[PDB]
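Here is entry14.cif, consisting of mmCIF, C-alpha atoms (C1' of nucleotides):
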data_model
loop_
_atom_site.group_PDB
_atom_site.id
_atom_site.type_symbol
_atom_site.label_atom_id
_atom_site.label_comp_id
_atom_site.auth_asym_id
_atom_site.auth_seq_id
_atom_site.Cartn_x
_atom_site.Cartn_y
_atom_site.Cartn_z
ATOM 1 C CA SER A 1 -18.676 11.184 -29.418
ATOM 2 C CA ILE A 2 -21.240 9.627 -27.082
ATOM 3 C CA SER A 3 -23.837 10.239 -29.804
ATOM 4 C CA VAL A 4 -21.670 8.348 -32.313
ATOM 5 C CA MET A 5 -21.345 5.442 -29.891
ATOM 6 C CA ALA A 6 -25.082 5.396 -29.148
ATOM 7 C CA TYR A 7 -26.102 5.666 -32.812
ATOM 8 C CA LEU A 8 -23.880 2.891 -34.099
ATOM 9 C CA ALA A 9 -24.617 1.049 -30.857
ATOM 10 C CA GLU A 10 -28.394 0.769 -31.148
ATOM 11 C CA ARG A 11 -29.363 1.685 -34.705
ATOM 12 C CA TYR A 12 -26.942 -0.815 -36.155
ATOM 13 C CA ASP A 13 -27.182 -3.037 -33.111
ATOM 14 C CA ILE A 14 -23.491 -3.400 -32.281
ATOM 15 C CA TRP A 15 -23.262 -1.769 -28.868
ATOM 16 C CA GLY A 16 -19.618 -2.494 -29.047
ATOM 17 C CA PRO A 17 -16.311 -2.568 -27.254
ATOM 18 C CA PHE A 18 -15.860 1.091 -26.353
ATOM 19 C CA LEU A 19 -12.475 2.536 -25.405
ATOM 20 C CA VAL A 20 -12.234 6.223 -24.500
ATOM 21 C CA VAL A 21 -8.812 7.566 -23.545
ATOM 22 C CA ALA A 22 -7.901 11.075 -22.482
ATOM 23 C CA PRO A 23 -5.758 12.884 -19.874
ATOM 24 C CA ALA A 24 -6.255 11.532 -16.359
ATOM 25 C CA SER A 25 -7.705 14.737 -14.940
ATOM 26 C CA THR A 26 -10.896 14.935 -16.962
ATOM 27 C CA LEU A 27 -12.012 11.329 -16.609
ATOM 28 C CA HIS A 28 -14.194 11.833 -13.537
ATOM 29 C CA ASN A 29 -16.136 14.480 -15.437
ATOM 30 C CA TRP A 30 -16.293 11.966 -18.293
ATOM 31 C CA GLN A 31 -17.780 9.474 -15.823
ATOM 32 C CA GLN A 32 -20.362 12.096 -14.928
ATOM 33 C CA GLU A 33 -21.111 12.679 -18.621
ATOM 34 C CA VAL A 34 -21.630 8.952 -19.177
ATOM 35 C CA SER A 35 -23.700 8.822 -15.985
ATOM 36 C CA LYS A 36 -25.929 11.603 -17.302
ATOM 37 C CA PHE A 37 -26.444 10.651 -20.892
ATOM 38 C CA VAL A 38 -26.057 6.900 -21.156
ATOM 39 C CA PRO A 39 -26.366 4.989 -17.908
ATOM 40 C CA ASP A 40 -28.748 2.976 -20.087
ATOM 41 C CA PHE A 41 -25.680 1.040 -21.205
ATOM 42 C CA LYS A 42 -22.893 0.729 -18.680
ATOM 43 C CA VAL A 43 -19.267 1.765 -18.194
ATOM 44 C CA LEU A 44 -16.094 0.833 -16.284
ATOM 45 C CA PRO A 45 -13.071 2.974 -15.293
ATOM 46 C CA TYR A 46 -9.645 2.370 -13.848
ATOM 47 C CA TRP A 47 -7.780 4.648 -11.464
ATOM 48 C CA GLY A 48 -5.741 3.139 -8.702
ATOM 49 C CA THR A 49 -3.459 0.326 -7.639
ATOM 50 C CA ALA A 50 -1.709 -2.061 -10.014
ATOM 51 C CA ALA A 51 -3.216 -4.843 -7.908
ATOM 52 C CA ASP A 52 -6.516 -3.036 -8.400
ATOM 53 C CA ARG A 53 -5.706 -2.979 -12.124
ATOM 54 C CA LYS A 54 -5.061 -6.728 -12.084
ATOM 55 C CA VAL A 55 -8.284 -7.532 -10.274
ATOM 56 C CA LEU A 56 -10.427 -5.156 -12.332
ATOM 57 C CA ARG A 57 -9.068 -6.300 -15.684
ATOM 58 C CA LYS A 58 -10.267 -9.795 -14.828
ATOM 59 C CA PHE A 59 -13.794 -8.392 -14.864
ATOM 60 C CA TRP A 60 -12.732 -6.463 -17.927
ATOM 61 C CA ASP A 61 -10.559 -8.290 -20.396
ATOM 62 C CA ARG A 62 -12.986 -9.225 -23.152
ATOM 63 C CA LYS A 63 -14.369 -12.444 -21.461
ATOM 64 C CA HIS A 64 -16.102 -13.560 -24.701
ATOM 65 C CA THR A 65 -14.962 -13.211 -28.277
ATOM 66 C CA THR A 66 -18.058 -13.660 -30.377
ATOM 67 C CA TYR A 67 -20.950 -11.214 -30.086
ATOM 68 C CA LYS A 68 -19.220 -8.256 -28.664
ATOM 69 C CA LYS A 69 -19.018 -9.534 -25.124
ATOM 70 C CA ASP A 70 -22.716 -9.878 -24.146
ATOM 71 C CA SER A 71 -21.480 -7.733 -21.387
ATOM 72 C CA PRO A 72 -22.249 -6.314 -18.022
ATOM 73 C CA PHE A 73 -19.314 -3.964 -18.878
ATOM 74 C CA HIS A 74 -18.508 -2.494 -22.288
ATOM 75 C CA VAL A 75 -16.939 0.991 -21.990
ATOM 76 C CA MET A 76 -13.345 1.178 -20.843
ATOM 77 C CA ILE A 77 -12.595 4.717 -19.708
ATOM 78 C "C1'" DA B 1 38.501 13.904 -44.639
ATOM 79 C "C1'" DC B 2 34.514 16.708 -44.414
ATOM 80 C "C1'" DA B 3 29.466 17.259 -44.542
ATOM 81 C "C1'" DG B 4 24.899 15.921 -43.057
ATOM 82 C "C1'" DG B 5 21.527 13.939 -40.287
ATOM 83 C "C1'" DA B 6 21.026 11.149 -36.725
ATOM 84 C "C1'" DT B 7 21.175 10.933 -31.515
ATOM 85 C "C1'" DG B 8 22.538 13.622 -26.972
ATOM 86 C "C1'" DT B 9 22.559 17.399 -23.739
ATOM 87 C "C1'" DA B 10 20.756 21.222 -21.298
ATOM 88 C "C1'" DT B 11 17.113 24.314 -18.417
ATOM 89 C "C1'" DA B 12 12.849 24.742 -17.319
ATOM 90 C "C1'" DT B 13 8.227 23.069 -16.656
ATOM 91 C "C1'" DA B 14 4.436 19.430 -16.617
ATOM 92 C "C1'" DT B 15 1.517 14.655 -15.435
ATOM 93 C "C1'" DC B 16 1.110 10.178 -13.319
ATOM 94 C "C1'" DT B 17 2.522 5.985 -10.640
ATOM 95 C "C1'" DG B 18 5.171 3.247 -6.566
ATOM 96 C "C1'" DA B 19 6.665 2.144 -2.441
ATOM 97 C "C1'" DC B 20 7.164 3.811 1.134
ATOM 98 C "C1'" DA B 21 5.391 6.591 5.104
ATOM 99 C "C1'" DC B 22 1.857 8.129 9.074
ATOM 100 C "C1'" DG B 23 -2.953 7.766 11.643
ATOM 101 C "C1'" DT B 24 -6.810 5.479 14.243
ATOM 102 C "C1'" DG B 25 -10.246 1.727 16.616
ATOM 103 C "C1'" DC B 26 -9.796 -1.421 20.169
ATOM 104 C "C1'" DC B 27 -8.649 -5.852 22.798
ATOM 105 C "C1'" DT B 28 -5.928 -8.198 26.478
ATOM 106 C "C1'" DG B 29 -1.980 -8.482 29.037
ATOM 107 C "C1'" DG B 30 0.498 -5.514 32.294
ATOM 108 C "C1'" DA B 31 0.102 -2.829 36.694
ATOM 109 C "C1'" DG B 32 -1.585 -2.163 41.558
ATOM 110 C "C1'" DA B 33 -2.773 -3.723 46.344
ATOM 111 C "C1'" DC B 34 -2.626 -7.702 49.094
ATOM 112 C "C1'" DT B 35 -1.828 -12.143 51.961
ATOM 113 C "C1'" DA B 36 0.917 -15.860 53.492
ATOM 114 C "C1'" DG B 37 3.316 -20.024 52.368
ATOM 115 C "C1'" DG B 38 8.021 -20.912 51.954
ATOM 116 C "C1'" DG B 39 12.590 -20.804 49.580
ATOM 117 C "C1'" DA B 40 16.304 -18.438 50.838
ATOM 118 C "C1'" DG B 41 19.492 -16.021 54.014
ATOM 119 C "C1'" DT B 42 22.435 -16.724 57.782
ATOM 120 C "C1'" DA B 43 24.670 -18.066 62.071
ATOM 121 C "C1'" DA B 44 26.287 -22.485 63.848
ATOM 122 C "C1'" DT B 45 28.942 -26.645 63.565
ATOM 123 C "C1'" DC B 46 30.870 -31.510 62.057
ATOM 124 C "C1'" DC B 47 34.812 -32.990 59.658
ATOM 125 C "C1'" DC B 48 36.431 -34.353 54.600
#

What is this structure when it is put down as structure tokens?
Amino acid sequence: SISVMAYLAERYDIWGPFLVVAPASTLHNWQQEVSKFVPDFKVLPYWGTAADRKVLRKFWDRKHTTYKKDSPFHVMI
DNA sequence: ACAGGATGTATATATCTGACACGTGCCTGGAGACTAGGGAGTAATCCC
């Protein structure tokens, strides 16, 4: 799946809004998988408080419509 | 009025979040020992 995202990210240069969703036990290992294989392009999780949700989604929620985001954050996990 | 398929219930598990709860670093106001000025206690006494 990460290979699919990387291929259609930087062969066809749309490095994309990425949205991986899974059970909430595995996601730290998913963070480690992202951290191994593509820290070249970045990632952003959510775990905790609803206030933490509200503050983190401000530095998440799409910020820019046109290109993809021209982002410092493009993988919601 | 009866048949059929919807929703409802039941017993047992599971995950995941919310609004509480408890736990700890650390300042400053309370406690202790002290003196001495003095308001208060107290006997005395005029007299309303």

Residues matched by the PyMOL selection byres ((chain A) within 9 of (chain B)), written as a PyMOL selection string: chain A and resi 23-24+48-49

Explicit residues for the PyMOL selection byres ((chain A and resi 34) around 12) (as a PyMOL selection string): chain A and resi 1-3+5-6+20+27-33+35-45+75-77

Atom CA of residue 54 of chain A to atom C1' of residue 19 of chain B, distance in Å rounded to a single decimal: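 Rounded to one decimal, the two atoms are 17.6 Å apart.
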
Å distance separating atom CA of residue 63 of chain A from atom CA of residue 14 of chain A, one decimal place: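 It comes out at 16.8 Å.
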
Separation of atom CA of residue 73 of chain A from atom CA of residue 17 of chain A in Å: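 Calculated distance between atom CA of residue 17 of chain A and atom CA of residue 73 of chain A is 9.0 Å.
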
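When only C-alpha atoms are used to measure the gap to residue 71 of chain A, the shortest distance among A:59, A:4, A:47, A:25 belongs to A:59.
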